[PDB]
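Heads up, the chain below is alone and in the form deposited in one PDB entry; it's given as structure tokens.
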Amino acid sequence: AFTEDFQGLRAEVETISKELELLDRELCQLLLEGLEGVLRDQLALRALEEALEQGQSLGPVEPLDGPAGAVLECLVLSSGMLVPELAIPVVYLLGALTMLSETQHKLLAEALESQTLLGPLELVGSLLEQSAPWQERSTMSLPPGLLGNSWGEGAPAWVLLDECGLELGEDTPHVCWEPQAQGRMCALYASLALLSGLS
């Protein structure tokens, strides 16, 4: 099949997330503080994406200024040589972030700062799981409010999902699945799951 299901998406993400749990906690905290600043600055988001390339630079990586440099410091040794253990997962994250809007990046920044990644991660993951098959439009039964999320026009979870192309409503049905939202909803899930794995 062309597509994957949420099970396959989850499996794919977990190949990266599984070994983030063995990463040193002090690293992940510094990395998460750096990623917060990167998610708040589109330019640093692009600067970091270029510096890492895709992790295949044979030589040392030159240090950078600002948030991009803050993240980059966490991924290199004393020489500036990237540690694939740390760089590749960040590359995967940056790849998924390319599909999201700056509005979503800053919403993810707020989630990092307040350490509230599990909420949106479950809402996005549950919508992906209950929207099968993704190529079909479908009104959905899940009310995000009954998961403990603030739900309403302008709410973080609203804007986060509205930016993916979903058709949102104040009342039932709160969410209608749109096939065009597949890629951004999947990338959104991956970005949340990778960030959460670091937390």
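So that the term is clear: the rigid core is the largest set of C-alpha atoms that superpose within 1.5 Å between two forms. Numbering starts at 1 and runs along the sequence shown.
If you look for the form deposited in another entry, you will not find it shown, but the lines that follow are about it.
Compared between the shown form and the other one on the core, the listed residues 96, 74, 117, 124 keep their C-alpha shifts below 2 Å, save 74. With the core held fixed, the Cα of residue 147 is displaced between the shown form and the other one by 2 Å or more. Once both forms are overlaid on the rigid core, the distance between the two CA positions of residue 107 between the shown form and the other one is under 2 angstroms. In a rigid-core overlay of the protein, residue 20 has its C-alpha displaced by at least 2 Å between the shown form and the other one. In the other form, the CA atoms of residue 147 and residue 158 draw together by 3 angstroms or more relative to this form. With a change of no less than 3 Å, the CA-CA distance between residue 146 and residue 117 is smaller in the other form than in the form shown.
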